[PDB]
2 protein chains.
Amino acid sequence: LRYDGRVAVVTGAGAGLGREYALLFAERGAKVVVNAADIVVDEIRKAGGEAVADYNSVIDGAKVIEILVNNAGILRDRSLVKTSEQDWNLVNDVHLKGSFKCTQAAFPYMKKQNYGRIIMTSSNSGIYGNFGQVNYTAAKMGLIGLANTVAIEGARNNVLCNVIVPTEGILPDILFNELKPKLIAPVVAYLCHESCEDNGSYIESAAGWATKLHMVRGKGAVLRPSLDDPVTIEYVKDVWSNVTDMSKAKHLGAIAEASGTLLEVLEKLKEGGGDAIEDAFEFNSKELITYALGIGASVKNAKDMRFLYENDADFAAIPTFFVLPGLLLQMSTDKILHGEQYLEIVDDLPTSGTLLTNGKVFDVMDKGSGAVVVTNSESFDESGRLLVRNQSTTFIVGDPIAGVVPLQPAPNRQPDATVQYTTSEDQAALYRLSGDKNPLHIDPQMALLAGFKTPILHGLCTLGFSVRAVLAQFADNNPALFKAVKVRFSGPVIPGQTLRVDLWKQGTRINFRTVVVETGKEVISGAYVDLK
Amino acid sequence: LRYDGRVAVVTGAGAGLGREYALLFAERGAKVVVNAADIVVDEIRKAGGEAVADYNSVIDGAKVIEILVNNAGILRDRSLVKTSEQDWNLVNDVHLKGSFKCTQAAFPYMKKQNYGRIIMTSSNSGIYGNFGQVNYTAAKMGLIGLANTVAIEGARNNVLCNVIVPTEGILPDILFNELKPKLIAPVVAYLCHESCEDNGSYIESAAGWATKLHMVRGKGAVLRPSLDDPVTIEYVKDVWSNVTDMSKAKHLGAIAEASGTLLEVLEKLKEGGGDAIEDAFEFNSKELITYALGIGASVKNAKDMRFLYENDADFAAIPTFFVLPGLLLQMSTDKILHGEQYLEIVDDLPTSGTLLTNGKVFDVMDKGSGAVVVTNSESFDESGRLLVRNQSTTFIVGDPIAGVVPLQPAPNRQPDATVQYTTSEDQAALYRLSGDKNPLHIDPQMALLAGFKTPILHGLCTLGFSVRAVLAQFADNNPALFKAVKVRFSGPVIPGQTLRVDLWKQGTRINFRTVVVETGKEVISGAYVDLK
């Protein structure tokens, strides 16, 4: 890996980092300008290489120019109140202004040639701050903003610009003896080679180790209940833990990205409001298979492999998996017997990704000794495609409007088919791993407090078993044929009990009901699956 | 939420952002200095408030001073080659130098009072870069490095410093009409209130929305095979995808953190070398329970609740769970019949966290038509406590040294106890979710290619069942009494088959063997558990 036919300019090449950038560049074929200087020139030459000396100050970069590594620097470390005009000025001049001048003078030559490699030297002191160094930390972070723009103005003509970040009392020998300039030079050298396509990077390096730094941005938070309200200081406070929550932080690539996300916020806020809920749902094959096993899919069934092994050619979710994002969001906060469920697949389903879901109360009813709340939820993928409609009906102890999906009673005749599934005693202990942690499905004491003699199976688990019976029986176990499910949860199932699913075929629609065999009791009623 | 007994200074308060910072501060009780100015003073006064005018330039901050929001600015947008002396200078002077001067003059008053709130104005242009703006982007990122140090020098006396980041052609009305200065003012106001303890923050805000930005740092990568080798450009290249891998990126709080991690790298490299492997293992109760169910723990057993429900007062891992970090790391790359396993718990086990694990080949042997590789692994928690020793022996078709843990043959007499466990047909389909995805435990075609007639259960799953028999039988199901396990995997188990574990008690040590009941064949041999 060489640098034949290349000219490199190193500022502050008299010593330290610069000096070693000089030697390595010459070592590997490049002809070098050492911007003190004479000692390095003669040493490069004697080692068998081509190089010229330069005595110019970085303020005067035009004469320097006539690869560019900006490395010259000075120190004038003072406290804040003790940092004078000359202190501020001389540090800002050599580091920031100087790098600008020198990059300025070199660029035309690099762009008209369609090849260029520029380097700025920043430091952790700039990145993090450091007591008693305002001038220097202002300057070295300034070099990052300089580079960010030099990178962009050079991009389309192969003129690239990156940032190198070279990291009392007594150090341990192993550390002190590895903190040497010779070990950082090759990172800089690689960032200045033809094969490198890095542009706008921050690379930290020392002691023969390197990493990349970049800025990330939190999800953040809207600062008013609606578009029709102002922003009050009291709201900013009440919402500050969300503003500064970095747990979902992301890196943006360019200013237009930073600018284009505001629209989304405003539109969301406008279409609905502050009485809406939002959350992220990450998944991969692991969660898909965990769920399928939770609802009884088994490798004893050849047709189930597709739901149980990620490398199967037909690997897919059982589509009721997509009740979870809606479910978890709606039970995460309160703004509770799960009584009815509706789920609509609207588009082809993926096998992984990061979903965005919303939550809105759709309808509230009054049933004497109780209230019914109908909650509507939509799930979208990362690019913004709508995947799922979730409508859930809850009863809170203690006339539906249009758009509330009604139940359909069983066709008054013998079922066309029946399917029996035995559940295991661990069915709920397994199903709850898909995210529904309610203690009444596992903890005897909490089940009792919720009015059950033993822990009961999740209603949505029983729905899972039922949709599986529908799909094996009427859709050849093809999940892409599933359109929608609607269900009333009408009774408790105990893990270990046996289910029978009664099915009636009526065109597109499979009516069904689910009975616990040992008691004779109905546990899913008024229910159907729509196929495609 | 008011600002009584507070004096605030706003630069560039004549218009825009500044103007509205002026009004809100006065609106809520503070007496204000509007640094054009007269129009704002008279308007603050008429609205019923106290404020004075100021005509001083930000370069001359001493006269301004006699809360500080630095907001004055200018624009001189030029291309890189077209940015002159006056262009660079005037933008750097008003933004960067000006903010310094003004913060400089105000600090003494804030520190000797033990109360202070300072604000710098940066921009996304600085943070990301923007074509044709070098002077401005250099300056606005410079303000971040300025603030980073002002924050630190003010911290111990309640003098806090934060950064506000206020975000052609035709915009949509909804966006254009919300991009107004009045909506950003309260974020700045909150960052300048007594209740706020934010120091060194970057807060982005616009259109009644806000988030926090911060710099993160990748795990990075060592740039040489050992401490005895130099760093070559060729190695930096070969290793560059690891250097710039941001998938494990973390935020550091201070420069000393950035500096203190280098030592660890050097020491690691020294103790061993480049012939070692490293990886991260994240877990919580979900993975713990997924694993316990995978090895047969069941809510039918009262003593198993502790392994199956996260809110149980005795919630714990079954300790063989901690074979996984070692296992996954060692099978992730090659640098394969699993023949023997050893696992030592060295310290109290947690129920979540992020583990660090290493991998080193300990011994290689030559067994005629095959080679034995003994691999050693250590797992540590986040603070650095050693939790696990993992020694695994593999056979690769086609004299052990000290420190290779030997097998111990069964005591020659009838077992003291026996335990029978039926596995389910889905045992491997479930167990593989704990991370061992080898297709031969699930896919018939791949099992065959690996020389098995049907998919076989993972050997480590069978070890799990066996240690469970040991713990229920001899340790009262107390996982904290488990010290170590050693095993030869001596035959295949098919999911659905029945296991019997034969146990012999001999003080601290429980010898055991595991037999498939239906065939009569031994599947775990030469094996023991050490208890505490």
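Following Swiss-Prot, chain A shows residues 8-42, 57-87, 98-198, 205-372, 388-450, 459-592, kept in their order.
How was it done? The header gives X-ray crystallography, 2.2 Å.
Each Cβ is built from the backbone N, Cα and C atoms, and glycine gets one as well.
Copied over from Swiss-Prot, here are the features:
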BINDING   A:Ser154  substrate binding site
ACT_SITE  A:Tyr167  active site, proton acceptor
BINDING   A:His390, A:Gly391, A:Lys419, A:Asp496, A:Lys497, A:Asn498, A:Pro499, A:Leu500, A:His501, A:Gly519, A:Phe549  (3R)-3-hydroxydecanoyl-CoA binding site
DOMAIN    A:469-586  domain 'MaoC-like'
- Have a look at the binding-site residues (A:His390, A:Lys419, A:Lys497) and report the one with the fewest Cβ neighbours inside 10 Å. A:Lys419
- Query: If 15 residues are missing between A:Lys372 and A:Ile388, how far apart are the two Cα atoms, in Å?
  - Reply: 13
- Query: Among the binding-site residues A:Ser154, A:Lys419, A:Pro499, A:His501, which ones place their CB within a distance below 8 Å of a chain B CB?
  - Reply: A:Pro499
- Message: Please check the gap where 8 residues are unmodelled: Cα of A:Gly450 to Cα of A:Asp459, in angstrom.
- Response: 17
- Site extent for (3R)-3-hydroxydecanoyl-CoA, whole Å (max Cα pair distance, A:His390, A:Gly391, A:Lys419, A:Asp496, A:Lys497, A:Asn498, A:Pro499, A:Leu500, A:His501, A:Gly519, A:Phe549): 28
- Note on the structure: Between A:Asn42 and A:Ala57 the deposited chain skips 14 residues, and the Cα-to-Cα distance in Å rounds to 9
- Which of the recorded positions listed here (A:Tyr167, A:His390, A:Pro499) have a Cα atom within 10 Å of the Cα of the residue listed as 'substrate binding site'? A:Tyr167
- Message: I'd like to check the chain gap: with 6 residues not modelled between A:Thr198 and A:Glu205, what is the distance in angstrom between their CA atoms?
- Response: 15
- Item | DSSP three-state assignment (helix, strand or coil) for A:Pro499 ((3R)-3-hydroxydecanoyl-CoA binding site) | helix
- Looking only at Cβ atoms, how many others are within 10 Å of the one on A:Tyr167 (active site, proton acceptor)? 26
- Pull the DSSP breakdown for the domain 'MaoC-like' (A:469-586) and write it out as helix, strand, coil residue counts. 36 helix, 36 strand, 46 coil
- Where A:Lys419 ((3R)-3-hydroxydecanoyl-CoA binding site) and the residue listed as 'active site, proton acceptor' are concerned, what is their Cα separation in Å, rounded? 70
- Query: Near A:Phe549 ((3R)-3-hydroxydecanoyl-CoA binding site), which residues of its own chain have a C-beta under 8 A away, given they sit six or more steps off in sequence?
  - Reply: A:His390, A:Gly391, A:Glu392, A:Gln393, A:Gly519, A:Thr522, A:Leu523, A:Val583, A:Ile584
- Note on the structure: Across 10 unbuilt residues, the C-alpha atoms of A:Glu87 and A:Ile98 lie a whole number of Å apart, namely 13
